[PDB]
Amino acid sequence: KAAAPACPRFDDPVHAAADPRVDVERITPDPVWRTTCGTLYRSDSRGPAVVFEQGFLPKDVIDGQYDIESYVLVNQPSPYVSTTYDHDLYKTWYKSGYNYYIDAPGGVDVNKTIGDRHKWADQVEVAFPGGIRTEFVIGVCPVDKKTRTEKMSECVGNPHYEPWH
């Protein structure tokens, strides 16, 4: 056996951002940043040819909803890309055809920032302001809609993934 090491910590809290125009000072409430570095996940209907080329871009870093509680409760264009600590959350997202695997520094830990009592606390969300560059996307597994399971012989690694720890 061996114990795992601790995580590298970047000076820039949005080092991972695909759109660096995000304005960290506009995040509300005061963000509690994720300091661990385990694999995160994102269910997305968008296909890997697009995600591996572009990363995950946020819908609106200029005029989107910077309030985290508002964004979580009421789907609204935002500067954030949502991810989760829960490998299996894809099973709750109907028609989301893929489960993406993410190895990225930082992100706002939603439940640490807004509490763990809100309606969607069981999503155990990490919100990436400015999104996530492709170098931090490990790969993807497509999801069989009828059984809500991953089609593991059809997983694909991202050629642009750059391990960093």
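Each residue number is its position in the shown sequence, starting from 1.
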**OP:** Compare the mean C-alpha B-factor of 120-128 with that of 26-34 as given in the PDB entry, and name the stretch with the higher value.
**Re:** 26-34
**OP:** Compare the mean C-alpha B-factor of 147-155 with that of 9-17 as given in the PDB entry, and name the stretch with the higher value.
**Re:** 9-17
Original post:
Which of these, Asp44, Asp103, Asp109, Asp60, has its C-alpha atom at the highest B-factor, as the entry lists it?
Top reply: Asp60
Original post:
Among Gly97, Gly115, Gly55, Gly139, which carries the highest Cα B-factor?
Top reply: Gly115
**OP:** Please rank the C-alpha B-factors of the chain's modelled residues and tell me whether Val74 sits in the lowest, middle or highest third.
**Re:** highest
